[PDB]
Amino acid sequence: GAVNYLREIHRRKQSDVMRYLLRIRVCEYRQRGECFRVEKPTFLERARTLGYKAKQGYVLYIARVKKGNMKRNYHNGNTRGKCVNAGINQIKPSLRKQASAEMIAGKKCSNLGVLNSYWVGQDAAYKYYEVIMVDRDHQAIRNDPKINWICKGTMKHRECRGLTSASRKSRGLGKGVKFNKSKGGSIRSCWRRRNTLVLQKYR
Amino acid sequence: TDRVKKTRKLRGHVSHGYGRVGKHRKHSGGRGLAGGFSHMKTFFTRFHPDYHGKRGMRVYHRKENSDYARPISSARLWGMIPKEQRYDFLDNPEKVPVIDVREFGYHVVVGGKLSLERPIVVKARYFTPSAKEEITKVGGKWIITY
Amino acid sequence: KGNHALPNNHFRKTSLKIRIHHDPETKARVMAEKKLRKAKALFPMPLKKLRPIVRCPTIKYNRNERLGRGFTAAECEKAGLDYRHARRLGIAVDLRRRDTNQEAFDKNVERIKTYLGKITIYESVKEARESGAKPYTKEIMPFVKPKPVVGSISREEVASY
Amino acid sequence: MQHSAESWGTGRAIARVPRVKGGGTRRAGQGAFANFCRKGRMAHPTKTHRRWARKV
Amino acid sequence: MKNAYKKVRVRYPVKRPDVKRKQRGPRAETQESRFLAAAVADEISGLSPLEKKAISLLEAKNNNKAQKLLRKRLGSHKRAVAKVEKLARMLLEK
RNA sequence: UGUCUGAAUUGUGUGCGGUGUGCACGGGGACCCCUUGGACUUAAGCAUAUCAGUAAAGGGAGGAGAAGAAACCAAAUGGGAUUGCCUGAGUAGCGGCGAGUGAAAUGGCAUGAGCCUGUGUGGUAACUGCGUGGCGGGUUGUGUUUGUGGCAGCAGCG
RNA sequence: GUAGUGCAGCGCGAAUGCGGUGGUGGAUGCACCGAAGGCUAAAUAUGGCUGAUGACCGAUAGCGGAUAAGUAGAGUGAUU
RNA sequence: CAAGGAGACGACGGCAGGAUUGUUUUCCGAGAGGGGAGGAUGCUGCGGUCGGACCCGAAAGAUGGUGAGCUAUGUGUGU
């Protein structure tokens with residue numbers, strides 16, 4: 001099929017053709033700003049496997065993120081406590097950088113809803129991601145039952161609450177005994193149930 | 001009845017039973033089991049001498065359902081027959097019971113004398129050597145089952 | 001002080017919480033009214049589904065049977081049926097389970113045929129009302145296990161009964 | 001227990017119980033929190049998880 | 001289970017039935033369209049720099065030096081052997 | 001019906017159109033999801049440890065939320081999505097092997113339910129947002145009929 | 001979670017009769033499963049509001065507050 | 001002088017006295033190996049541990065906020 005050929009090409013990043021197209025388009029992104037709109041998909045077939053359609057009410061934005069360890073701001077490294085808590089410089093963030101990019105694009109368009117995202121390039125200082133967003137107020141979206149689920153009320157700002165695929169990845173969910181610390185639905189609700197003592201009336 | 005409560009007889013007596021010279025203070029001695037190698041060392045020596053230290057191999061995740069091997073003695077094996085069928089066997093002394101301990105929750109057979117001088121058949125996993133002697137001594141026989 | 005077992009009572013966390021329902025008699029009967037109200041909103045159909053007989057896993061529970069989750073597609077086919085059509089007749093289907101025993105496969109085929117002979121088909125809720133069909137909140141054909149009985153032979157105890 | 005009371009310490013010729021902060025009202029400077037103070041709390045407050053029933 | 005119990009052990013006779021199981025993997029009636037797409041991709045695209053430097057080690061004869069350079073840069077040992085098997089057959093065809 | 005104010009906006013950001021017309025912002029936050037993150041205290045001192053990933057702070061939701069249909073558990077003649085309770089068990093284990101800390105499977109109950117998609121015609125896009133037999137989108141791929149009818153229930157008023 | 005139980009930064013970066021897992025690092029048999037796209041009732045939690053109850057308190061008690069009470073009054077202010 | 005004012009409550013274990021019933025028991029050993037020997041479920045009291053823990057009391061530590069109308073220094077504009 002037509003989609004088989006495009007998949008085999010896009011998998012070979014860094015082979016003599018993708019190394020030409022990556023350098024040419026990442027030079028475009030460096031001249032735009034922090035978050036901007038694009039009209040067609042970069043990797044057409046990776047975007048359709050993540051849920052994109054050619055229809056009114058679908059939108060694409062590109063956002064960059066700044067690439068390194070997280071910051072801690074104490075004046076000259078004074079942290080006002082014990083020495084096991086006094087590290088400043090090699091602390092790693094809890095979320096992924098693909099999820100940080102969704103939070104940038106989701107505040108810029110507060111009337112839309114985020115669906116998924118994917119990698120499109122890289123710099124020495126930045127990485128670039130491609131965010132797919134949907135219009136919850138258009139009637140083209142509210143009328144068809146393949147995307148209709150996103151127009152109700154529990155679906156607002158999915159990427160702030162950890163409900164997209166990139167931000168889901170860091171919650172610690174799964175199957176079997178290697179995922180005992182999330183039984184009940186998350187880490188915090190495993191903690192609460194195990195820190196509760198239940199008693200019967202007749203005891 | 002049944003000794004109402006000490007506090008009811010202590011009203012009026014200063015210090016409520018805890019002494020005047022030595023008093024009732026907070027945690028004089030440390031909390032819980034502190035001092036176990038220094039000032040409470042006489043406590044562990046007199047009452048719990050095997051409590052500290054390591055001793056042994058450490059298996060992560062012992063598997064208990066697969067190691068269940070509950071034993072029963074040959075000395076009973078006859079009071080195990082249910083109450084209804086028991087009088088049927090004691091009245092006709094020419095029939096042989098066929099009892100399978102596995103259907104009552106037991107796995108291994110050990111133990112002593114058979115409580116009667118008639119033959120029987122007994123199925124299980126793993127009879128020990130002494131159980132084999134006392135089942136054969138009455139004319140019965142033993143079998144290994146699943 | 002004294003000779004006692006060493007205590008291990010865990011109350012060192014201020015974040016701990018206690019939980020008690022102080023009236024479980026009114027809570028049980030409020031849930032039995034919910035259960036009888038679903039039953040006559042599904043009226044003709046009995047609110048519980050037919051489930052198979054299965055076998056407990058390890059060597060400790062080897063000799064015990066039990067009600068399981070659902071029937072397989074081969075057990076439904078040999079009872080004269082398609083698993084898409086067994087689900088419209090109140091039968092639970094489980095496509096994860098695998099078929100590896102021929103005796104157990106046969107008990108479950110006869111459990112389906114027995115159930116298929118105790119149901120009646122109609123065309124409307126009006127007919128079932130007029131024929132005496134009532135609502136059902138219990139479970140369909142519960143499994144009970146039998147008592148242990150002792151076999152008996154007579155002085156032929158060398159052919160190894 | 002609905003105050004920000006604090007004891008005044010010794011050196012002022014009054015007893016050591018904690019006392020209300022402020023001014024301009026007769027509540028200012030009076031005792032608080034203790035089981036022997038007017039408007040205090042009970043030494044051992046009554047709780048809901050005591051045993052009410054028994055088993056026969 | 002105890003070792004004395006495993007010797008006299010006796011299992012239950014089961015009478016296994018006959019019914020087909022699942023498929024589990026890439027299907028056998030689509031190799032033609034999978035083999036065709038991979039033969040178009042290698043003509044279009046070139047070679048990665050890592051595959052260039054590894055056919056030059058196989059070029060001389062150094063099947064060992066090429067074996068450790070691929071095991072260091074692909075974080076596996078089962079994978080580094082499956083790759084020097086493809087890059088050897090592309091020389092015979094070539 | 002509701003003076004003058006207050007997000008307080010004749011604004012800022014953004015979708016669809018092509019100059020028309022939408023949407024977001026604040027309030028509250030007991031319970032829920034995500035981020036960040038203490039010290040008092042216990043170890044009869046104290047630095048790893050403990051208190052505790054808890055309090056405080058910030059962002060985002062609802063009548064609940066989150067989770068969920070095996071790249072599972074196991075080692076039998078095998079079970080079979082998620083969530084809650086009892087047993088397992090203060091146990092296996094972690095730990096200046098100190099003080100301390102700490103699961104799960106099986107078994108028994110409650111409740112039970114499974115589906116949609118990225119490769120759909122070629123004898124003709126079979127599709128739909130706006131409008132009354134047309135415009136906009138779409139081949140870099142759209143594919144969305146129907147309830148003043150029936151059945152069961154819940155609250156209120158006189 | 002004991003020699004990753006899970007998560008993240010930086011760097012390297014896969015496969016197509018193929019891939020993943022089996023409480024000690026690695027090898028090899030046998031067993032069991034298909035990740036990296038999407039949705040999903042019920043049984044569970046809980047300030048406040050409204051109904052119904054109680055071996056609860058009876059004006060220094062019970063909510064701070066049985067009355068024109070977060071009022072009179074105090075503080076530059078946050079607050080009290 | 002009046003009124004108020006301090007060993008009560010929860011969890012887990014032991015023993016004493018009392019109630020109902022009684023056809024009760026998975027052992028040794030690090031392991032490899034070896035292998036028959038009257039309690040259970042409630043009720044009241046006392047001793048033990050962790051809980052604010054018989055009642056009242058520090059000098060301190062941390063998280064989040066308010067102030068240059070007193071007073072200190074710089075700077076614009078007047079006397």
Side-chain angles (χ1 to χ4, degrees), chain A residues 10-11 13 26 29 34-35 41-43 45-52 58-74 79 81 84-110 112-134 136 147 149-150 152-196, chain C residues 15, chain E residues 74-76:
Chain A
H10 281 327
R11 265 183 191 197
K13 274 87 174 174
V26 167
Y29 309 153
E34 178 196 53
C35 193
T42 315
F43 305 149
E45 67 99 23
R46 173 76 177 140
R48 288 191 69 93
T49 168
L50 288 173
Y52 170 83
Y58 285 75
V59 173
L60 296 155
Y61 270 82
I62 287 189
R64 62 165 185 202
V65 75
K66 189 254 193 177
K67 203 179 181 192
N69 280 339
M70 86 190 312
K71 309 298 181 146
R72 326 188 63 223
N73 296 301
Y74 302 89
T79 45
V84 60
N85 288 340
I88 301 290
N89 264 319
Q90 297 174 342
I91 315 281
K92 272 78 184 191
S94 178
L95 289 173
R96 283 200 78 80
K97 268 159 193 299
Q98 175 169 355
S100 306
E102 293 178 3
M103 302 294 269
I104 289 156
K107 312 306 150 294
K108 197 200 176 53
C109 313
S110 50
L112 309 181
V114 171
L115 189 57
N116 264 313
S117 185
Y118 62 93
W119 180 98
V120 287
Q122 205 162 320
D123 262 345
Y126 291 101
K127 320 208 185 180
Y128 296 84
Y129 290 90
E130 217 275 321
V131 187
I132 310 144
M133 289 178 311
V134 172
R136 328 163 79 236
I147 191 56
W149 54 268
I150 210 171
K152 54 180 293 176
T154 43
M155 283 316 158
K156 319 207 281 214
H157 290 272
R158 289 165 79 247
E159 80 302 341
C160 296
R161 298 183 279 142
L163 304 184
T164 73
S165 183
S167 67
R168 194 274 310 141
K169 203 187 130 205
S170 187
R171 298 322 161 227
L173 312 158
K175 298 296 290 173
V177 307
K178 291 171 205 296
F179 291 96
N180 278 353
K181 293 288 148 304
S182 67
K183 293 178 54 199
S186 79
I187 306 288
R188 285 159 190 118
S189 92
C190 189
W191 185 86
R192 183 73 267 168
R193 159 176 95 259
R194 300 184 296 119
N195 269 71
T196 298
Chain C
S15 49
Chain E
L74 310 161
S76 175

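Below, chain A is the first sequence line, B the second, and so on; all start at residue 1.
At least one side-chain heavy atom of A:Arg96 sits under 4.5 Å from a side-chain heavy atom of A:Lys169. Looking at A:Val59 and A:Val134, their side chains never come closer than 4.5 Å, going by heavy atoms from C-beta outward. Residues A:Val65 and A:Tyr126 have side chains not in contact (no heavy-atom distance under 4.5 Å, counting atoms from C-beta outward). Looking at heavy atoms from C-beta onward, A:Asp123 lies in side-chain contact with A:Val26 at the 4.5 angstrom threshold. With contacts defined as side-chain heavy-atom distances shorter than 4.5 Å, the pair A:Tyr118/A:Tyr129 does not qualify. A:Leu60 is listed as a side-chain neighbour of A:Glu130, based on a closest heavy-atom distance under 4.5 Å. For the pair A:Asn116 and A:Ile132, the minimum side-chain heavy-atom distance is below 4.5 Å.
The distance from atom CD1 of A:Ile150 to atom NZ of A:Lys156, rounded to the nearest 0.5 Å, is 12.5 Å. Note that the CZ atom of A:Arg136 and the NZ atom of A:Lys152 stand 11.0 Å from one another [nearest 0.5 Å]. Rounding to the nearest 0.5 Å places CH2 of A:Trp119 at 9.0 Å from NZ of A:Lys127. Distance check, rounded to the nearest 0.5 Å: OH of A:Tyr128 to OG1 of A:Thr42 gives 13.0 Å. Separation of atoms CE (A:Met155) and CG (A:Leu163) is listed at 7.5 Å; rounding is to 0.5 Å. Interatomic distance, OH of A:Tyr61 versus CG of A:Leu112, reported as 7.5 Å (0.5 Å rounding).
A:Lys13 contributes a side-chain N or O that, together with a main-chain N or O of A:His10, makes up a donor-acceptor pair within less than 3.5 Å. A:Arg192 places no side-chain N or O within 3.5 Å of a backbone atom of A:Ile187 that could act as its donor or acceptor partner. Between the side chain of A:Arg72 and the backbone N or O of A:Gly87, at least one donor-acceptor pair lies under 3.5 Å. Panel note: side chain A:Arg171, backbone A:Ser167; a donor-acceptor pair is recorded below 3.5 Å. The backbone N or O of A:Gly106 sits nowhere less than 3.5 Å from a side-chain atom of A:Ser110 that would complete a donor-acceptor pair. In terms of modelled atom types and a separation under 3.5 Å, the side chain of A:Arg194 and the main chain of A:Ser189 share no donor-acceptor contact.
Between A:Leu115 and A:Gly51 the shortest heavy-atom distance is CD2-O, 3.8 Å. Across every non-hydrogen atom of A:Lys66 and A:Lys97, the tightest pair is C-NZ, 4.5 Å. In terms of heavy-atom proximity, A:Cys160 sits nearest to A:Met103 at SG-CE, 3.5 Å. The shortest heavy-atom contact between A:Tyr74 and A:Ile88 is CD1-CD1, 4.2 Å. Across all non-hydrogen atoms, the minimal contact from A:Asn89 to A:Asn69 is O-ND2, 3.7 Å. Among all heavy-atom pairs drawn from A:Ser117 and A:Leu50, the shortest one is O-CD1, 3.5 Å.
A salt bridge links A:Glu159 to A:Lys107: one of the charged nitrogens lies within less than 4.0 Å of a carboxylate oxygen.
Under the side-chain hydrogen bond (donor to acceptor under 3.5 Å, both in side chains) rule, A:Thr164 has a single partner from A:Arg158, A:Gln98, A:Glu102, which is A:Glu102.
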